[PDB]
file data-v2.cif (mmCIF, C-alpha atoms)
data_run
#
loop_
_atom_site.label_atom_id
_atom_site.label_comp_id
_atom_site.auth_asym_id
_atom_site.auth_seq_id
_atom_site.Cartn_x
_atom_site.Cartn_y
_atom_site.Cartn_z
CA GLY U 1 -16.37 -59.20 60.85
CA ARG U 2 -17.40 -55.61 61.29
CA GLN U 3 -17.10 -54.70 57.73
CA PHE U 4 -15.22 -51.43 57.50
CA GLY U 5 -13.26 -51.56 60.71
CA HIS U 6 -11.05 -54.59 60.89
CA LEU U 7 -10.53 -55.93 57.37
CA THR U 8 -6.87 -55.23 56.60
CA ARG U 9 -3.99 -53.36 58.18
CA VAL U 10 -2.47 -50.60 56.08
CA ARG U 11 -0.02 -47.82 56.80
CA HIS U 12 1.55 -44.88 54.97
CA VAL U 13 -0.86 -44.64 52.08
CA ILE U 14 -2.25 -41.27 51.07
CA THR U 15 -5.34 -40.38 49.07
CA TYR U 16 -6.53 -37.22 47.31
CA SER U 17 -9.88 -36.33 45.77
CA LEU U 18 -12.23 -33.43 45.07
CA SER U 19 -15.85 -32.45 45.37
CA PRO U 20 -17.67 -33.86 42.33
CA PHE U 21 -18.85 -30.34 41.61
CA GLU U 22 -15.24 -29.22 41.35
CA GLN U 23 -14.86 -31.23 38.17
CA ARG U 24 -16.52 -32.17 34.89
CA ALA U 25 -18.69 -35.07 33.83
CA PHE U 26 -16.80 -35.55 30.55
CA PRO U 27 -13.18 -34.47 30.70
CA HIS U 28 -12.56 -35.13 27.00
CA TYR U 29 -14.75 -38.21 27.11
CA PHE U 30 -14.97 -38.14 23.33
CA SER U 31 -11.45 -37.24 22.27
CA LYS U 32 -9.35 -38.80 25.00
CA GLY U 33 -11.61 -41.81 25.50
CA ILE U 34 -11.83 -43.10 21.93
CA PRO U 35 -8.19 -44.33 21.84
CA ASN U 36 -8.63 -46.22 25.10
CA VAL U 37 -11.63 -47.93 23.51
CA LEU U 38 -9.48 -49.00 20.59
CA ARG U 39 -6.26 -50.14 22.23
CA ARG U 40 -7.83 -52.78 24.47
CA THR U 41 -10.41 -53.95 21.94
CA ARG U 42 -7.68 -55.78 20.06
CA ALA U 43 -6.31 -57.64 23.08
CA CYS U 44 -9.63 -59.46 23.14
CA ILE U 45 -10.41 -59.67 19.42
CA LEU U 46 -7.31 -61.78 19.13
CA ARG U 47 -8.86 -64.44 21.34
CA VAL U 48 -12.55 -63.70 20.70
CA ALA U 49 -13.45 -64.14 17.03
CA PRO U 50 -11.73 -67.36 15.89
CA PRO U 51 -14.52 -69.76 16.89
CA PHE U 52 -17.30 -67.48 15.67
CA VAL U 53 -15.72 -67.93 12.29
CA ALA U 54 -15.93 -71.69 12.60
CA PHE U 55 -19.67 -71.89 13.19
CA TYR U 56 -20.65 -69.46 10.46
CA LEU U 57 -18.42 -71.42 8.11
CA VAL U 58 -19.90 -74.73 9.16
CA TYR U 59 -23.23 -72.96 9.32
CA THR U 60 -23.13 -72.21 5.61
CA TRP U 61 -20.95 -75.24 4.92
CA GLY U 62 -23.59 -77.56 6.26
CA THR U 63 -26.27 -75.30 4.84
CA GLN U 64 -25.05 -75.88 1.31
CA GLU U 65 -24.10 -79.45 2.19
CA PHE U 66 -27.65 -79.81 3.45
CA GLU U 67 -29.25 -78.12 0.46
CA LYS U 68 -28.03 -80.05 -2.57
CA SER U 69 -28.07 -83.28 -0.58
CA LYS U 70 -31.78 -82.69 -0.09
CA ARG U 71 -32.81 -80.16 -2.68
CA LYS U 72 -32.32 -82.21 -5.81
CA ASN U 73 -33.83 -85.67 -6.06
CA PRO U 74 -32.80 -86.22 -9.70
CA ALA U 75 -29.31 -85.09 -8.75
CA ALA U 76 -27.18 -88.22 -8.75
CA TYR U 77 -30.01 -90.49 -9.88
CA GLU U 78 -31.65 -88.59 -12.65
CA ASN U 79 -35.01 -89.58 -13.94
CA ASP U 80 -33.76 -91.90 -16.60
CA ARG U 81 -34.42 -94.70 -14.22
CA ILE J 127 23.36 -20.70 59.91
CA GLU J 128 24.69 -24.24 59.79
CA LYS J 129 23.97 -24.71 63.48
CA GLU J 130 20.45 -23.48 62.96
CA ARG J 131 20.18 -25.22 59.59
CA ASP J 132 20.78 -28.44 61.49
CA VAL J 133 18.41 -27.89 64.41
CA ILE J 134 15.52 -27.17 62.09
CA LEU J 135 16.30 -30.25 60.02
CA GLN J 136 16.61 -32.11 63.31
CA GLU J 137 13.26 -30.65 64.29
CA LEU J 138 11.66 -31.10 60.86
CA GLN J 139 11.68 -34.86 61.37
CA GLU J 140 10.80 -34.66 65.08
CA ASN J 141 7.72 -32.66 64.09
CA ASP J 142 5.86 -35.90 63.38
CA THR J 143 5.54 -36.43 67.14
CA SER J 144 2.61 -34.04 67.76
CA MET J 145 -0.22 -35.19 65.52
CA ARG J 146 -2.30 -32.07 66.19
CA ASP J 147 -0.23 -29.61 64.19
CA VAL J 148 0.34 -32.33 61.61
CA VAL J 149 -3.18 -32.68 60.28
CA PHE J 150 -3.73 -28.93 60.05
CA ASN J 151 -0.89 -28.76 57.59
CA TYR J 152 -2.86 -31.24 55.52
CA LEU J 153 -5.98 -29.24 56.22
CA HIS J 154 -4.86 -25.95 54.70
CA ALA J 155 -3.14 -27.51 51.73
CA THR J 156 -6.33 -29.30 50.83
CA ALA J 157 -8.49 -26.16 50.84
CA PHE J 158 -6.00 -23.54 49.68
CA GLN J 159 -4.11 -25.58 47.09
CA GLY J 160 -2.66 -23.18 44.56
CA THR J 161 -2.07 -20.35 47.04
CA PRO J 162 0.96 -19.38 49.13
CA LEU J 163 -1.34 -19.59 52.12
CA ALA J 164 -1.61 -23.35 51.67
CA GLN J 165 2.06 -23.99 52.39
CA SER J 166 4.12 -25.22 55.32
CA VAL J 167 5.11 -22.53 57.77
CA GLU J 168 8.55 -24.06 58.21
CA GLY J 169 8.38 -24.82 54.52
CA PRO J 170 9.60 -27.99 52.87
CA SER J 171 12.86 -29.41 54.12
CA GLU J 172 15.28 -29.25 51.20
CA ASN J 173 14.89 -25.47 50.96
CA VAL J 174 16.27 -25.10 54.49
CA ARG J 175 19.45 -26.83 53.38
CA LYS J 176 19.47 -24.86 50.12
CA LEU J 177 18.68 -21.70 52.06
CA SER J 178 21.23 -18.89 51.83
CA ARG J 179 21.31 -15.74 53.90
CA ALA J 180 21.29 -13.43 50.88
CA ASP J 181 17.72 -14.43 50.06
CA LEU J 182 17.04 -13.67 53.69
CA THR J 183 18.60 -10.24 53.20
CA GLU J 184 16.08 -9.84 50.41
CA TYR J 185 13.14 -10.70 52.63
CA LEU J 186 15.00 -8.91 55.40
CA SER J 187 15.02 -5.87 53.14
CA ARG J 188 11.68 -6.65 51.50
CA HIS J 189 8.98 -6.74 54.12
CA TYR J 190 10.68 -5.40 57.25
CA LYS J 191 10.10 -1.86 56.08
CA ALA J 192 7.39 0.22 57.64
CA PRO J 193 4.30 0.72 57.45
CA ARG J 194 4.48 -3.06 57.54
CA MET J 195 6.11 -2.59 60.93
CA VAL J 196 3.94 -1.84 63.97
CA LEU J 197 4.81 -1.08 67.59
CA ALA J 198 2.73 -1.17 70.76
CA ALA J 199 3.10 -1.68 74.52
CA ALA J 200 1.13 -1.57 77.75
CA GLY J 201 1.93 -1.10 81.39
CA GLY J 202 2.68 1.90 83.52
CA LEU J 203 3.70 3.50 80.22
CA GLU J 204 1.24 6.08 79.09
CA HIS J 205 1.48 7.31 75.51
CA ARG J 206 3.67 10.37 75.15
CA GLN J 207 6.44 8.93 77.28
CA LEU J 208 6.33 6.03 74.87
CA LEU J 209 6.51 8.09 71.72
CA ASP J 210 9.30 10.40 72.88
CA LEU J 211 11.42 7.34 73.62
CA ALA J 212 10.14 5.67 70.49
CA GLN J 213 11.52 8.41 68.74
CA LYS J 214 14.61 8.05 66.65
CA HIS J 215 15.96 4.88 65.29
CA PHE J 216 13.21 3.93 63.81
CA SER J 217 12.07 7.40 63.32
CA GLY J 218 13.93 6.36 61.29
CA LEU J 219 16.43 3.71 60.19
CA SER J 220 14.04 3.02 57.35
CA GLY J 221 11.96 1.24 58.12
CA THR J 222 11.11 2.94 54.88
CA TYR J 223 8.15 3.26 52.69
CA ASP J 224 8.63 2.33 49.08
CA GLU J 225 6.67 -0.53 47.50
CA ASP J 226 7.32 -4.27 47.33
CA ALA J 227 4.66 -3.70 44.68
CA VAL J 228 1.40 -3.43 46.67
CA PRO J 229 0.28 -5.09 48.97
CA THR J 230 1.13 -8.26 47.38
CA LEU J 231 -1.76 -10.63 48.15
CA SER J 232 -4.50 -12.58 46.46
CA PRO J 233 -7.89 -14.04 47.35
CA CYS J 234 -7.37 -17.75 47.77
CA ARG J 235 -9.29 -20.58 46.13
CA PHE J 236 -11.45 -22.90 48.23
CA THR J 237 -11.39 -26.59 47.44
CA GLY J 238 -14.18 -29.10 47.92
CA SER J 239 -12.00 -32.16 48.28
CA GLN J 240 -10.53 -34.72 50.65
CA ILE J 241 -7.15 -35.77 52.00
CA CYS J 242 -6.32 -38.98 53.84
CA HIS J 243 -3.12 -40.30 55.35
CA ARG J 244 -3.99 -43.87 56.18
CA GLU J 245 -1.70 -45.39 58.77
CA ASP J 246 -3.39 -48.08 60.82
CA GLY J 247 -0.66 -48.82 63.34
CA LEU J 248 -1.36 -45.89 65.62
CA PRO J 249 -3.92 -46.30 68.40
CA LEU J 250 -5.99 -43.24 67.55
CA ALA J 251 -6.95 -41.20 64.51
CA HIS J 252 -7.45 -37.45 64.58
CA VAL J 253 -10.09 -35.83 62.44
CA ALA J 254 -10.57 -32.30 61.21
CA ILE J 255 -13.48 -30.99 59.15
CA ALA J 256 -14.28 -27.41 58.18
CA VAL J 257 -15.69 -24.98 55.67
CA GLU J 258 -14.30 -21.60 54.67
CA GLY J 259 -15.60 -18.34 56.07
CA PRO J 260 -15.32 -14.56 56.11
CA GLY J 261 -12.04 -12.74 56.63
CA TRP J 262 -10.86 -10.85 59.67
CA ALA J 263 -12.78 -7.71 58.90
CA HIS J 264 -16.38 -8.67 58.31
CA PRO J 265 -19.65 -8.21 60.22
CA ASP J 266 -20.62 -11.86 60.54
CA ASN J 267 -17.34 -12.93 62.15
CA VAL J 268 -18.81 -12.09 65.54
CA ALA J 269 -22.22 -13.55 64.71
CA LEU J 270 -20.55 -16.94 64.37
CA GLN J 271 -18.47 -16.58 67.51
CA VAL J 272 -21.42 -17.78 69.56
CA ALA J 273 -22.61 -20.76 67.51
CA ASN J 274 -19.32 -22.43 68.34
CA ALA J 275 -19.53 -21.40 71.98
CA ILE J 276 -23.06 -22.79 72.02
CA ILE J 277 -22.25 -26.12 70.39
CA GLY J 278 -19.29 -26.13 72.75
CA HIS J 279 -16.80 -28.93 73.20
CA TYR J 280 -16.05 -32.12 75.13
CA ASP J 281 -13.05 -33.92 76.60
CA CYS J 282 -12.31 -37.16 78.43
CA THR J 283 -11.32 -35.38 81.57
CA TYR J 284 -14.19 -33.05 82.54
CA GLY J 285 -16.20 -33.38 85.70
CA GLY J 286 -19.28 -32.31 83.77
#
call {"tool": "encode", "arguments": {"input": "data-v2.cif", "output": "structure tokens"}}
result
Amino acid sequence: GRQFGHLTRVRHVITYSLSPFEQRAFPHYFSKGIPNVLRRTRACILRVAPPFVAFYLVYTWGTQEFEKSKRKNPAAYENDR
Amino acid sequence: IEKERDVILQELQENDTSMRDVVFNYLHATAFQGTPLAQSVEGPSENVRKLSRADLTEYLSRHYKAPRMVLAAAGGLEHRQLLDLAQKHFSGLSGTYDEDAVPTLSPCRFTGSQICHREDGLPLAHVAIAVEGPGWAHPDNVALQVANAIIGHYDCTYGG
């Protein structure tokens, strides 16, 4: 109903925070962040890539398969007859 | 010691009954974090158990020297007839002056921040909000005495 008032009931939690001025926009964003980028990227790339392979394969597979099938009329039947 | 060690411990837990004092403890610690000023008056509990009367004797000896000590009185007493019967204990019993370094203190840091203890069971929720200001000795301290008096205060129970 009333959005902030009545949602849940919660007791004996404590919270701490600072003025945004009190702290920095990039607390080692570069150094400390780069590992975090890496670690989780693999958890996905396990389950992400495998299909993308398949298309590109088939993509070229059919591409070639398409090409010679079309490209060369005197391929199987050459122009002796 | 043990008798008193217990009562305090007994009281330490009871102290959750008056919410007023409670939040102020939070209040200081959130502004003055990193300063001895930010800390519980009664101090954390476990120390009281751990507390031994030698360390007292330290602080007994440490800061109970003069000039730290100060005496006054008012009444039919005038001044002289105070000082003559001030005279000698505690002319005196020293009550000394040496050091305890000098005068050990530091300006305290001021923290833009927040603290929240969320407990939804209770019927009501206190609030406190503040900003830091000048020390005891300072011109403006009086200049701001009135702004509060002007903005005043309210309570359930007035006939106003």
call {"tool": "residues_around", "arguments": {"input": "data-v2.cif", "residues": "segment 261-263 of chain J", "least_positions_apart": "5", "cutoff": "12 Å", "atoms": "all atoms listed in the file", "output": "JSON, numbers by chain"}}
result
{"J": [233, 234, 268]}
call {"tool": "closest_atom_pairs", "arguments": {"input": "data-v2.cif", "of": "chain U", "to": "chain J", "cutoff": "6 Å", "atoms": "all atoms listed in the file", "output": "Markdown table"}}
result
| residue | atom | partner | partner_atom | distance |
| --- | --- | --- | --- | --- |
| U:9 | CA | J:246 | CA | 5.9 |
| U:10 | CA | J:246 | CA | 5.4 |
| U:11 | CA | J:245 | CA | 3.6 |
| U:12 | CA | J:245 | CA | 5.0 |
| U:13 | CA | J:244 | CA | 5.2 |
| U:14 | CA | J:243 | CA | 4.5 |
| U:15 | CA | J:242 | CA | 5.1 |
| U:16 | CA | J:241 | CA | 4.9 |
| U:17 | CA | J:240 | CA | 5.2 |
| U:18 | CA | J:239 | CA | 3.5 |
| U:19 | CA | J:238 | CA | 4.5 |
call {"tool": "atom_distance", "arguments": {"input": "data-v2.cif", "atom1": "atom CA of residue 186 of chain J", "atom2": "atom CA of residue 138 of chain J"}}
result
23.1 Å
call {"tool": "resolve_selection", "arguments": {"input": "data-v2.cif", "expression": "the PyMOL selection byres ((chain J and resi 188-198) around 12)", "output": "JSON, numbers by chain"}}
result
{"J": [180, 181, 182, 183, 184, 185, 186, 187, 199, 200, 201, 203, 204, 205, 208, 209, 212, 213, 216, 217, 218, 219, 220, 221, 222, 223, 224, 225, 226, 227, 228, 229, 230]}
call {"tool": "resolve_selection", "arguments": {"input": "data-v2.cif", "expression": "the PyMOL selection byres ((chain J and resi 150) around 12)", "output": "NGL selection string"}}
result
:J and (144-149 or 151-158 or 164-167 or 241 or 252-256)
call {"tool": "atom_distance", "arguments": {"input": "data-v2.cif", "atom1": "atom CA of residue 178 of chain J", "atom2": "atom CA of residue 142 of chain J"}}
result
25.7 Å
call {"tool": "axis_aligned_box", "arguments": {"input": "data-v2.cif", "around": "segment 63-70 of chain U", "padding_each_side": "3 Å", "output": "JSON"}}
result
{"center_x": -27.9, "center_y": -79.3, "center_z": 1.1, "size_x": 13.7, "size_y": 14.0, "size_z": 13.4}
call {"tool": "atom_distance", "arguments": {"input": "data-v2.cif", "atom1": "atom CA of residue 169 of chain J", "atom2": "atom CA of residue 235 of chain J"}}
result
20.0 Å
call {"tool": "decode", "arguments": {"input": "data-v2.cif", "residues": "segment 55-66 of chain U", "atoms": "N, CA, C and O atoms", "output": "tab-separated table (two decimals), in the first residue's frame"}}
result
chain	number	residue	atom	x	y	z
U	55	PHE	N	26.87	-21.36	-35.18
U	55	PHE	CA	26.46	-20.58	-36.33
U	55	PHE	C	27.64	-20.30	-37.24
U	55	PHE	O	27.65	-20.71	-38.41
U	56	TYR	N	28.65	-19.62	-36.70
U	56	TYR	CA	29.78	-19.20	-37.51
U	56	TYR	C	30.36	-20.37	-38.29
U	56	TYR	O	30.69	-20.24	-39.47
U	57	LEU	N	30.49	-21.51	-37.63
U	57	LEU	CA	30.80	-22.75	-38.32
U	57	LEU	C	29.87	-22.95	-39.48
U	57	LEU	O	30.25	-22.83	-40.65
U	58	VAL	N	28.61	-23.25	-39.16
U	58	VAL	CA	27.58	-23.46	-40.17
U	58	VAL	C	27.57	-22.30	-41.14
U	58	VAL	O	27.42	-22.48	-42.36
U	59	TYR	N	27.75	-21.09	-40.62
U	59	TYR	CA	27.81	-19.93	-41.49
U	59	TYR	C	28.80	-20.15	-42.61
U	59	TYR	O	28.44	-20.13	-43.79
U	60	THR	N	30.05	-20.43	-42.26
U	60	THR	CA	31.04	-20.69	-43.29
U	60	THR	C	30.80	-22.05	-43.92
U	60	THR	O	30.92	-22.22	-45.14
U	61	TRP	N	30.42	-23.03	-43.10
U	61	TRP	CA	30.16	-24.37	-43.62
U	61	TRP	C	29.20	-24.29	-44.79
U	61	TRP	O	29.52	-24.72	-45.90
U	62	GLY	N	28.02	-23.73	-44.54
U	62	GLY	CA	27.09	-23.54	-45.63
U	62	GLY	C	27.66	-22.64	-46.69
U	62	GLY	O	27.50	-22.89	-47.88
U	63	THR	N	28.37	-21.59	-46.27
U	63	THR	CA	28.93	-20.65	-47.23
U	63	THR	C	29.71	-21.39	-48.29
U	63	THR	O	29.35	-21.38	-49.47
U	64	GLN	N	30.74	-22.13	-47.86
U	64	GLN	CA	31.46	-22.99	-48.78
U	64	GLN	C	30.52	-23.95	-49.48
U	64	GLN	O	30.45	-24.00	-50.71
U	65	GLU	N	29.76	-24.71	-48.69
U	65	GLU	CA	28.79	-25.64	-49.24
U	65	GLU	C	27.93	-24.96	-50.29
U	65	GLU	O	27.63	-25.54	-51.34
U	66	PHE	N	27.53	-23.72	-50.03
U	66	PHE	CA	26.79	-22.95	-51.01
U	66	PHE	C	27.64	-22.67	-52.24
U	66	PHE	O	27.21	-22.88	-53.37
